[PDB]
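K.L.:
Got a structure for you, questions after.
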Amino acid sequence: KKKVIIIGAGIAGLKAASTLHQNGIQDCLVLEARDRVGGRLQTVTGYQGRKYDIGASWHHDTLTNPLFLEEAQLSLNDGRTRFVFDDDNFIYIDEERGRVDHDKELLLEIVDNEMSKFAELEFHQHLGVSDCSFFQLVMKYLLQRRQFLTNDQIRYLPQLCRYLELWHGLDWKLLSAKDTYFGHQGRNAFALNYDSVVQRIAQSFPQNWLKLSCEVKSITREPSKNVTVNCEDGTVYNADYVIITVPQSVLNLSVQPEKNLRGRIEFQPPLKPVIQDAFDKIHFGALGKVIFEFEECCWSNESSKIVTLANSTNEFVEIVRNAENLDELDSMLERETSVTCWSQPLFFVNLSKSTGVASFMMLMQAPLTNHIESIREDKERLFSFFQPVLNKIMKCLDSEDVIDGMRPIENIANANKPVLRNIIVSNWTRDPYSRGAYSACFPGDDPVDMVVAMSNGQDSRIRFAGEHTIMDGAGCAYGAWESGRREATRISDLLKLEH
Amino acid sequence: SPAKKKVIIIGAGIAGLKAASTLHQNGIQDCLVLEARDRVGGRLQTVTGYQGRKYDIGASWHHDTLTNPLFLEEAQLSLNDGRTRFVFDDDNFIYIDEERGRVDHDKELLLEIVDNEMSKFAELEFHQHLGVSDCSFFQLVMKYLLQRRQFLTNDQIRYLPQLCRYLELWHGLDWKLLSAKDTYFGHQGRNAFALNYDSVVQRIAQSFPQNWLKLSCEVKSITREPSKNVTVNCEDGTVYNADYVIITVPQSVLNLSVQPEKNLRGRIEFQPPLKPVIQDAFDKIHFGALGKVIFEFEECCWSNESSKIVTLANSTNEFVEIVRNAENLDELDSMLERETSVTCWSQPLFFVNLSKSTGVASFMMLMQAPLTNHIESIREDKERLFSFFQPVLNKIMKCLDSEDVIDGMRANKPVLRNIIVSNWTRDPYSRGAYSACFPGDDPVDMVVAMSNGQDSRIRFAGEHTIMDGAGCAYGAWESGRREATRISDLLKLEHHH
Ligand SMILES: Cc1cc2nc3c(=O)[nH]c(=O)nc-3n(C[C@H](O)[C@H](O)[C@H](O)COP(=O)(O)OP(=O)(O)OC[C@H]3O[C@@H](n4cnc5c(N)ncnc54)[C@H](O)[C@@H]3O)c2cc1C
Ligand SMILES: Cc1cc2nc3c(=O)[nH]c(=O)nc-3n(C[C@H](O)[C@H](O)[C@H](O)COP(=O)(O)OP(=O)(O)OC[C@H]3O[C@@H](n4cnc5c(N)ncnc54)[C@H](O)[C@@H]3O)c2cc1C
Ligand SMILES: NCCCCCCCCN
Ligand SMILES: NCCCCCCCCN
């Protein structure tokens, strides 16, 4: 009855479909569990109608990102804005000391660079001589190079370098050291509407192709040579080809028994071992988001990128100065609670200087993300939690403490005072259709495995797509977009040839 | 009757000194170190100036501190005795344009950020690719500007290419003379400034029998007596015969060998002549001309925000319009042509503010070629030098919250007491600064021919004979350790039964 049945209406599946029509293939079905398209790409509205990409926001690797280039052409053709380069010089803030960026004495950015070169060398040509956690690596650097670091450097550098937790979505004691430093292939470009990207691709194919709210319960390719998909309601389908674009964490449920978990798909026969094994090489991180909407900017627009550093101590310097080796340092680093906004690094994007809107887009990581999303409905508790860092930022930006107007009450006094009006929070960790953010490595992992296995497919008519199925752009929106075009073209060439 | 020696080392630079240090360490005796000059050290020379202040007119920094073996030693000695031997003086660079003033970390130009994209762009252009034409660095920057003009503001397309050029001071070559493939390279760690590079030379020099050192003997010829004996002739007539010889003369000096006319200072006549593999490598590698000029002042009366300052060359608004209207590659290569002398603003200059880093009231400035050759050819005229550099000197002081300088060579303003200049392009024993690449060059050729040797007895060492640390002090040092270890390995066989 059907040529190709794409499961999932995320950018991956959507591009796939988009491509199939663009190639004259017809009778295709797009089955999506949610009541919307866009997958991990969702734009939401808040105060006064403002819009934000609570999911993906940036176009990365702009020098080689195909999707970006495409958006570039369009914009070059009709003078319509679609993005803005928001990269800037980072302002780093330590609760007690204030700004620590571009400091004439600390030179944190400079030693941070040495630190990364230190990493590269540690894992170069050695098969990766036993990989450890990002935290472990950082401790080695300090120990080995202590003779060439001041006290403050040993103290503040380790906290500053942790901004990388916001790229992976994992705490430095849970992140693989070997996969921490990536290749920054160019400047980043803030997408003024990833939804526009989603709608354009979405419209590009026959609308009667989309089937929202069709959670797929099980896939089975009868040796008869065709695939049989069954949604959760009962409606059955049969197709020549099928492209599973569900996220990795969800597909990881297929290997567990007692499959009843929302989203889980039952394959038959099961997934070949090369696939099941891939999951032991870990994966899935938890980057989260929190939006702070204000009445109107009343703070310095010096930079669009701000990072708050976790607290640090002087006893730490001393401990590093006295340790006689890694072992001693380890055990010595044993001090005996409760998490606060200064327990981990936090990344704020000042949307004022980059888009004009008086709002801060913040990024958080595991384990904090999971916790903050659990209390997303409790605005009060959310305010109390972030207030202390929200005030520190305003101070270092020539302003004053933040006023809680989430339960508005007009008052002139709030002339040039910052007034919070709304707070928005992601929920990717508690949404059974995503269960996290995107692929990520724990120490001892190897991403190549999944990429290969996925890209090989279960067999001939069963293929996979999405950010966890490709190398270039791994974990990214453009990575997924290309994995979708990958399966469509391959099948497109086959159909065109069969007759 | 010509004296017998086990090993004769020609040249007393850090390479040869280390070669000898190693021989003695491995127990070899009856050796010799012959040097043309009347001092040891070579391109590691420390001079004295106003009020007895000191400066390294040759090498100044230990590079790649994370792996630099020579740097690690000095670090061990300080760790066990508390004596200051070096200092980490890296910093936040201050960039200055004559018209616009400081353009570093400017919230709208964001120059450093696009420079990183530039380098990444270059990396994707070459790194790991096969059969890619080379072209000059200048051309690479023109290509980047073309392919990304849609994502660069007008003012960015103007100033970014001028900031890019700080690299000219690492290679000692102007951007149109520089190989683009060899322009970008990896920096393994921070740089540590030597507080007495001549202090490193002596330690190594005092680690072997002092009767070995023969200064002021220039070697005129080296001959292999087909019987495992090498003859060496000093100009003063002494004749020596030894089993092995480590030749460490500069690559620019050894090049003189592949030419007729032996009355040139430094030239060594080889018999038989250097194998064709060696003469031919001279066509695939060249020599740069980094240079220095020290400006000494009475006292510091300027800001010590940073110790690294770079002044950009003038840029125009027409360049922009051309970049915007450019059609393709050739169209730009064409349009770029107009119709004029050279001044201090005709090329980027790199100033080191010693007052912050060492506490001395002076600037150490680095220059590239062609400027270095012209500036060293007038080093004797201090008045002319002061004029030439006065405008940038003023601009700097202005930006560092001070005022125009006062020629005091012959109380709230900066007074210039003395100027010191390099002499490498003119000294017949240097003939330049160090090995560098021209577009289309292949340094690997020289290293291979060099480290392989003339034959089993006639060996080579020096900054141009090794891959890791090429052109650097630690590269020459290691190259010395290498040739000596090999010889030690071979004489060791004399004790077997
Ligand atoms: C907070 C956050 C920020 C991010 N920021 C960036 C960024 O700045 N830049 C960037 O490049 N990337 C970013 N990413 C990553 C990027 O969003 C993803 O790589 C990409 O969207 C994954 O695409 P996909 O098509 O594979 O899946 P889409 O979510 O991404 O999901 C696949 C589809 O499968 C559907 N599905 C699941 N189970 C079933 C079932 N049983 N039956 C039917 N359908 C099902 C889902 O509902 C979904 O629509 C971010 C991710 C997060 C979470
Ligand atoms: C301006 C300048 C700045 C520099 N800055 C740095 C820096 O910051 N960091 C760094 O790592 N490197 C730097 N270098 C490079 C470094 O100085 C060299 O790599 C290193 O000194 C080369 O050592 P060498 O032992 O091979 O030769 P030395 O010159 O370098 O030369 C070998 C010796 O041969 C002798 N000789 C020549 N001909 C004869 C002959 N016919 N008979 C007898 N003896 C002869 C010479 O007098 C000399 O002493 C710089 C170089 C210059 C010119
Ligand atoms: N400091 C901002 C980091 C943003 C990292 C986004 C990573 C997206 C990976 N798919
Ligand atoms: N800001 C430029 C610094 C350049 C230092 C060059 C050292 C070169 C040693 N061969």
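Each chain in the structure tokens gets a letter, A, B and so on, in the order shown; residues start at 1 in every chain, and ligands are counted from 1 in the order they appear.
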Which residues come within 8 Å of range 424-433 of chain A, counting only C-alpha atoms, excluding same-chain residues fewer than 2 positions away, as an MDAnalysis selection string?
P.N.:
chainID A and resid 33:34 46 54:55 247 250 262:263 286 288:292 369:370 373:374 376 422 435:437
K.L.:
Could you give me the residues within 6 Å of ligand 2, counting only C-alpha atoms and all ligand atoms, as number ranges by chain?
P.N.:
B: 10-16, 34-37, 41-44, 58-63, 218-219, 248-250, 266-268, 290-292, 429, 433-434, 462-463, 471-474, 476
K.L.:
Please write the residues from the selection above to a file, keeping C-alpha atoms, as a PDB file, in the first residue's frame.
P.N.:
ATOM      1  CA  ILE B  10      82.317  22.565  13.634  1.00  0.00           C
ATOM      2  CA  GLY B  11      80.521  25.540  15.159  1.00  0.00           C
ATOM      3  CA  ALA B  12      79.802  26.422  18.793  1.00  0.00           C
ATOM      4  CA  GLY B  13      76.120  27.210  18.678  1.00  0.00           C
ATOM      5  CA  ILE B  14      73.682  25.386  20.970  1.00  0.00           C
ATOM      6  CA  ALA B  15      73.668  22.435  18.531  1.00  0.00           C
ATOM      7  CA  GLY B  16      77.420  21.828  18.595  1.00  0.00           C
ATOM      8  CA  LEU B  34      85.970  24.678  16.370  1.00  0.00           C
ATOM      9  CA  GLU B  35      84.213  28.056  16.103  1.00  0.00           C
ATOM     10  CA  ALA B  36      84.855  30.995  13.712  1.00  0.00           C
ATOM     11  CA  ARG B  37      83.664  33.764  16.022  1.00  0.00           C
ATOM     12  CA  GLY B  41      76.375  30.699  21.394  1.00  0.00           C
ATOM     13  CA  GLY B  42      75.760  31.538  17.755  1.00  0.00           C
ATOM     14  CA  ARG B  43      72.223  32.777  17.224  1.00  0.00           C
ATOM     15  CA  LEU B  44      71.935  32.870  21.005  1.00  0.00           C
ATOM     16  CA  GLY B  58      68.984  36.419  18.909  1.00  0.00           C
ATOM     17  CA  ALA B  59      66.578  33.842  20.451  1.00  0.00           C
ATOM     18  CA  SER B  60      64.358  35.003  23.307  1.00  0.00           C
ATOM     19  CA  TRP B  61      61.701  32.411  24.149  1.00  0.00           C
ATOM     20  CA  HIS B  62      61.405  28.759  24.982  1.00  0.00           C
ATOM     21  CA  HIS B  63      58.521  27.535  22.749  1.00  0.00           C
ATOM     22  CA  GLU B 218      87.278  29.146  10.898  1.00  0.00           C
ATOM     23  CA  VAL B 219      87.089  25.845   9.025  1.00  0.00           C
ATOM     24  CA  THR B 248      76.509  22.644  12.493  1.00  0.00           C
ATOM     25  CA  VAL B 249      76.974  25.777  10.357  1.00  0.00           C
ATOM     26  CA  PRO B 250      73.797  27.652   9.357  1.00  0.00           C
ATOM     27  CA  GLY B 266      82.196  30.686   6.498  1.00  0.00           C
ATOM     28  CA  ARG B 267      82.236  28.562   3.336  1.00  0.00           C
ATOM     29  CA  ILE B 268      83.511  24.998   3.625  1.00  0.00           C
ATOM     30  CA  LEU B 290      63.242  37.911  11.620  1.00  0.00           C
ATOM     31  CA  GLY B 291      64.977  40.871  13.269  1.00  0.00           C
ATOM     32  CA  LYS B 292      64.980  42.967  16.443  1.00  0.00           C
ATOM     33  CA  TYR B 429      78.269  33.627   9.858  1.00  0.00           C
ATOM     34  CA  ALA B 433      67.706  34.481  10.870  1.00  0.00           C
ATOM     35  CA  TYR B 434      66.554  30.844  10.237  1.00  0.00           C
ATOM     36  CA  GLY B 462      71.398  22.603  13.556  1.00  0.00           C
ATOM     37  CA  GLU B 463      67.921  24.215  13.461  1.00  0.00           C
ATOM     38  CA  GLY B 471      63.884  26.743  13.270  1.00  0.00           C
ATOM     39  CA  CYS B 472      63.768  26.743  17.080  1.00  0.00           C
ATOM     40  CA  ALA B 473      66.501  26.619  19.698  1.00  0.00           C
ATOM     41  CA  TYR B 474      65.325  23.323  21.159  1.00  0.00           C
ATOM     42  CA  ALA B 476      68.948  22.619  17.170  1.00  0.00           C
TER      43      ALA B 476
END
K.L.:
Distance limit 7 Å, atoms considered: only C-alpha atoms. Which chain A residues sit that close to chain B? Return them as a list in words.
P.N.:
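On the chain A side, the interface is residues 104, 107, 114, 117, 185, 186, 187 and 302 of chain A.
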K.L.:
Once you have the residues from the selection above, write them out as a tab-separated table (two decimals), in the first residue's frame, restricted to N, CA, C and O atoms.
P.N.:
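The resulting result-v8.tsv:
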chain	number	residue	atom	x	y	z
A	104	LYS	N	44.23	40.83	33.25
A	104	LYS	CA	45.66	41.02	33.02
A	104	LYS	C	46.56	40.20	33.92
A	104	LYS	O	47.75	40.10	33.65
A	107	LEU	N	44.75	35.59	33.32
A	107	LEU	CA	44.93	35.05	31.98
A	107	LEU	C	44.36	33.65	31.89
A	107	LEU	O	45.00	32.74	31.38
A	114	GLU	N	46.23	26.01	26.72
A	114	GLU	CA	47.32	25.07	26.99
A	114	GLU	C	46.73	23.75	27.47
A	114	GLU	O	47.17	22.66	27.10
A	117	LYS	N	45.53	21.71	24.66
A	117	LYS	CA	46.65	21.15	23.92
A	117	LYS	C	47.21	20.01	24.73
A	117	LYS	O	47.75	19.04	24.18
A	185	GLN	N	34.33	24.01	13.66
A	185	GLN	CA	34.47	24.31	12.23
A	185	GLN	C	33.90	25.64	11.76
A	185	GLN	O	33.29	25.71	10.71
A	186	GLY	N	34.09	26.71	12.53
A	186	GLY	CA	33.56	28.00	12.12
A	186	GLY	C	32.66	28.66	13.15
A	186	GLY	O	32.36	28.08	14.19
A	187	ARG	N	32.24	29.88	12.86
A	187	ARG	CA	31.37	30.60	13.77
A	187	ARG	C	29.97	29.98	13.86
A	187	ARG	O	29.56	29.22	12.99
A	302	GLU	N	27.24	44.66	26.55
A	302	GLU	CA	28.64	44.41	26.22
A	302	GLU	C	28.83	43.12	25.40
A	302	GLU	O	29.50	43.14	24.37
K.L.:
Dump as CSV the rows for residues of chain A within 7 Å of ligand 1: closest atom pair and distance in Å with one decimal, only C-alpha atoms and all ligand atoms counted, ordered by chain and rising residue number.
P.N.:
residue,atom,partner,partner_atom_place_in_ligand_line,distance
A:7,CA,ligand 1,44 (N),5.3
A:8,CA,ligand 1,34 (O),3.7
A:9,CA,ligand 1,49 (O),4.6
A:10,CA,ligand 1,25 (O),3.9
A:11,CA,ligand 1,25 (O),4.3
A:12,CA,ligand 1,25 (O),3.7
A:13,CA,ligand 1,25 (O),5.9
A:31,CA,ligand 1,43 (C),5.6
A:32,CA,ligand 1,44 (N),4.1
A:33,CA,ligand 1,43 (C),4.1
A:34,CA,ligand 1,47 (O),5.3
A:37,CA,ligand 1,49 (O),6.1
A:38,CA,ligand 1,49 (O),5.9
A:39,CA,ligand 1,29 (O),3.3
A:40,CA,ligand 1,29 (O),3.6
A:41,CA,ligand 1,21 (O),5.3
A:54,CA,ligand 1,1 (C),6.2
A:55,CA,ligand 1,2 (C),4.1
A:56,CA,ligand 1,5 (N),3.1
A:57,CA,ligand 1,8 (O),4.1
A:58,CA,ligand 1,8 (O),3.7
A:59,CA,ligand 1,9 (N),5.5
A:60,CA,ligand 1,11 (O),5.7
A:214,CA,ligand 1,43 (C),6.1
A:215,CA,ligand 1,42 (N),3.8
A:216,CA,ligand 1,42 (N),4.1
A:217,CA,ligand 1,41 (N),6.2
A:245,CA,ligand 1,32 (C),5.2
A:246,CA,ligand 1,34 (O),3.7
A:247,CA,ligand 1,32 (C),5.2
A:250,CA,ligand 1,38 (N),6.4
A:263,CA,ligand 1,41 (N),3.7
A:264,CA,ligand 1,41 (N),5.6
A:265,CA,ligand 1,41 (N),5.9
A:287,CA,ligand 1,1 (C),5.2
A:288,CA,ligand 1,1 (C),4.8
A:289,CA,ligand 1,1 (C),5.7
A:426,CA,ligand 1,1 (C),6.9
A:428,CA,ligand 1,53 (C),6.1
A:433,CA,ligand 1,37 (C),4.6
A:434,CA,ligand 1,29 (O),6.1
A:436,CA,ligand 1,53 (C),6.4
A:437,CA,ligand 1,53 (C),3.4
A:438,CA,ligand 1,15 (C),5.9
A:465,CA,ligand 1,26 (O),6.3
A:466,CA,ligand 1,26 (O),3.1
A:467,CA,ligand 1,19 (O),4.5
A:468,CA,ligand 1,26 (O),6.9
A:475,CA,ligand 1,19 (O),4.5
A:476,CA,ligand 1,11 (O),3.6
A:477,CA,ligand 1,11 (O),3.9
A:478,CA,ligand 1,11 (O),5.7
A:479,CA,ligand 1,19 (O),6.8
A:480,CA,ligand 1,23 (O),5.1
A:481,CA,ligand 1,25 (O),6.9
K.L.:
As a PyMOL selection string, please: all residues of range 86-262 of chain A that backbone DSSP puts in strand (DSSP E or B).
P.N.:
chain A and resi 91-94+98-99+133+170+176+189-191+210-212+216-222+226-231+236-244
K.L.:
For those residues, write N, CA and C atoms to a file as an mmCIF file, in the first residue's frame.
P.N.:
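Written out: part.cif:
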data_model
loop_
_atom_site.group_PDB
_atom_site.id
_atom_site.type_symbol
_atom_site.label_atom_id
_atom_site.label_comp_id
_atom_site.auth_asym_id
_atom_site.auth_seq_id
_atom_site.Cartn_x
_atom_site.Cartn_y
_atom_site.Cartn_z
ATOM 1 N N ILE A 91 31.967 36.688 28.934
ATOM 2 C CA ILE A 91 32.146 37.346 30.213
ATOM 3 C C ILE A 91 31.990 36.239 31.267
ATOM 4 N N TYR A 92 33.037 36.007 32.049
ATOM 5 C CA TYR A 92 32.997 34.979 33.077
ATOM 6 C C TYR A 92 32.820 35.623 34.435
ATOM 7 N N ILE A 93 31.876 35.108 35.214
ATOM 8 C CA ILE A 93 31.601 35.667 36.526
ATOM 9 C C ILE A 93 31.700 34.683 37.689
ATOM 10 N N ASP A 94 32.519 35.031 38.678
ATOM 11 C CA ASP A 94 32.673 34.228 39.886
ATOM 12 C C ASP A 94 31.957 34.997 40.988
ATOM 13 N N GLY A 98 33.674 38.415 40.946
ATOM 14 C CA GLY A 98 33.109 39.173 39.845
ATOM 15 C C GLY A 98 33.613 38.646 38.515
ATOM 16 N N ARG A 99 33.867 39.547 37.568
ATOM 17 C CA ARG A 99 34.350 39.143 36.250
ATOM 18 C C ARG A 99 35.783 38.641 36.347
ATOM 19 N N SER A 133 37.622 10.601 32.882
ATOM 20 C CA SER A 133 36.627 11.662 32.870
ATOM 21 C C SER A 133 37.293 13.019 32.672
ATOM 22 N N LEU A 170 26.649 17.289 30.014
ATOM 23 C CA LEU A 170 27.112 16.398 31.075
ATOM 24 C C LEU A 170 28.137 17.048 32.011
ATOM 25 N N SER A 176 33.161 11.891 29.159
ATOM 26 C CA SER A 176 34.352 11.230 28.637
ATOM 27 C C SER A 176 35.414 12.281 28.283
ATOM 28 N N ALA A 189 25.703 30.353 14.222
ATOM 29 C CA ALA A 189 24.659 31.248 13.735
ATOM 30 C C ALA A 189 23.309 30.984 14.383
ATOM 31 N N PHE A 190 22.861 31.945 15.183
ATOM 32 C CA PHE A 190 21.585 31.851 15.882
ATOM 33 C C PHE A 190 20.425 31.879 14.875
ATOM 34 N N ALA A 191 19.619 30.817 14.863
ATOM 35 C CA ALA A 191 18.499 30.703 13.933
ATOM 36 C C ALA A 191 17.286 31.506 14.369
ATOM 37 N N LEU A 210 1.111 13.310 6.226
ATOM 38 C CA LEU A 210 1.334 13.394 7.663
ATOM 39 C C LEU A 210 0.261 12.753 8.552
ATOM 40 N N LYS A 211 0.687 11.871 9.452
ATOM 41 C CA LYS A 211 -0.230 11.220 10.383
ATOM 42 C C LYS A 211 0.215 11.460 11.825
ATOM 43 N N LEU A 212 -0.346 12.498 12.445
ATOM 44 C CA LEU A 212 -0.007 12.861 13.821
ATOM 45 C C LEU A 212 -0.765 11.997 14.837
ATOM 46 N N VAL A 216 3.902 4.307 16.984
ATOM 47 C CA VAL A 216 4.131 2.993 16.392
ATOM 48 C C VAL A 216 4.523 1.990 17.487
ATOM 49 N N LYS A 217 3.770 0.899 17.604
ATOM 50 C CA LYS A 217 4.044 -0.096 18.639
ATOM 51 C C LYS A 217 5.027 -1.194 18.248
ATOM 52 N N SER A 218 5.046 -1.572 16.972
ATOM 53 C CA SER A 218 5.951 -2.630 16.531
ATOM 54 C C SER A 218 6.126 -2.736 15.019
ATOM 55 N N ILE A 219 7.365 -2.994 14.603
ATOM 56 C CA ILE A 219 7.719 -3.149 13.192
ATOM 57 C C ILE A 219 8.118 -4.603 12.918
ATOM 58 N N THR A 220 7.697 -5.116 11.766
ATOM 59 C CA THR A 220 7.999 -6.491 11.399
ATOM 60 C C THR A 220 8.099 -6.673 9.892
ATOM 61 N N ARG A 221 9.274 -7.088 9.443
ATOM 62 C CA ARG A 221 9.484 -7.314 8.030
ATOM 63 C C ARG A 221 9.325 -8.795 7.777
ATOM 64 N N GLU A 222 8.159 -9.181 7.274
ATOM 65 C CA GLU A 222 7.921 -10.581 6.993
ATOM 66 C C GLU A 222 8.872 -11.015 5.899
ATOM 67 N N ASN A 226 8.378 -7.550 2.492
ATOM 68 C CA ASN A 226 7.792 -6.233 2.758
ATOM 69 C C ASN A 226 7.706 -5.939 4.256
ATOM 70 N N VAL A 227 7.569 -4.659 4.590
ATOM 71 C CA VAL A 227 7.496 -4.236 5.983
ATOM 72 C C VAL A 227 6.060 -4.001 6.436
ATOM 73 N N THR A 228 5.759 -4.400 7.670
ATOM 74 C CA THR A 228 4.429 -4.212 8.246
ATOM 75 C C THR A 228 4.501 -3.426 9.560
ATOM 76 N N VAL A 229 4.041 -2.179 9.514
ATOM 77 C CA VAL A 229 4.046 -1.302 10.677
ATOM 78 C C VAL A 229 2.651 -1.242 11.311
ATOM 79 N N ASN A 230 2.601 -1.254 12.640
ATOM 80 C CA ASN A 230 1.336 -1.182 13.366
ATOM 81 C C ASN A 230 1.382 -0.008 14.342
ATOM 82 N N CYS A 231 0.484 0.966 14.187
ATOM 83 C CA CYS A 231 0.462 2.098 15.112
ATOM 84 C C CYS A 231 -0.090 1.575 16.445
ATOM 85 N N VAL A 236 -3.116 -0.702 10.618
ATOM 86 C CA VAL A 236 -1.909 -1.370 10.133
ATOM 87 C C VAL A 236 -1.520 -0.817 8.770
ATOM 88 N N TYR A 237 -0.250 -0.970 8.413
ATOM 89 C CA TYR A 237 0.237 -0.505 7.122
ATOM 90 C C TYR A 237 1.293 -1.466 6.599
ATOM 91 N N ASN A 238 1.549 -1.390 5.295
ATOM 92 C CA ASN A 238 2.554 -2.223 4.638
ATOM 93 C C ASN A 238 3.278 -1.320 3.649
ATOM 94 N N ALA A 239 4.606 -1.358 3.673
ATOM 95 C CA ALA A 239 5.382 -0.516 2.777
ATOM 96 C C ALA A 239 6.593 -1.219 2.186
ATOM 97 N N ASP A 240 7.122 -0.632 1.117
ATOM 98 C CA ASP A 240 8.291 -1.169 0.435
ATOM 99 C C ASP A 240 9.543 -0.876 1.266
ATOM 100 N N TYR A 241 9.581 0.318 1.857
ATOM 101 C CA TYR A 241 10.701 0.753 2.688
ATOM 102 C C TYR A 241 10.211 1.496 3.939
ATOM 103 N N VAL A 242 11.039 1.514 4.978
ATOM 104 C CA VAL A 242 10.702 2.204 6.221
ATOM 105 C C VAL A 242 11.956 2.864 6.792
ATOM 106 N N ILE A 243 11.804 4.076 7.311
ATOM 107 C CA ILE A 243 12.928 4.804 7.882
ATOM 108 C C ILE A 243 12.616 5.254 9.314
ATOM 109 N N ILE A 244 13.164 4.510 10.278
ATOM 110 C CA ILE A 244 13.003 4.753 11.716
ATOM 111 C C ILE A 244 13.870 5.939 12.168
#
K.L.:
Using DSSP assignments from the backbone, pull out every residue in range 38-170 of chain B that falls under helix (DSSP H, G or I) and give it to me as an MDAnalysis selection string.
P.N.:
chainID B and resid 50:52 69:79 111:125 137:151 154:170
K.L.:
Could you report the residues within 6 Å of ligand 4, using only C-alpha atoms and all ligand atoms, as a list in words?
P.N.:
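Those within range of ligand 4 are residues 166, 169, 170, 350 and 472 of chain B.
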K.L.:
What is the CA of residue 239 in chain B to CA of residue 32 in chain B distance in Å?
P.N.:
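Result for CA of residue 239 in chain B versus CA of residue 32 in chain B: 12.4 Å, one decimal.
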K.L.:
Quick one: of A:347, A:90, A:52, A:172, who's nearest to ligand 3, counting only C-alpha atoms and all ligand atoms?
P.N.:
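Closest to ligand 3, using only C-alpha atoms and all ligand atoms: A:347.
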K.L.:
Just want the 10 Å neighbourhood of residue 71 in chain A, counted on only C-alpha atoms, with same-chain residues fewer than 2 positions away dropped. Output as number ranges by chain.
P.N.:
A: 66-69, 73-76, 81-83, 191, 197
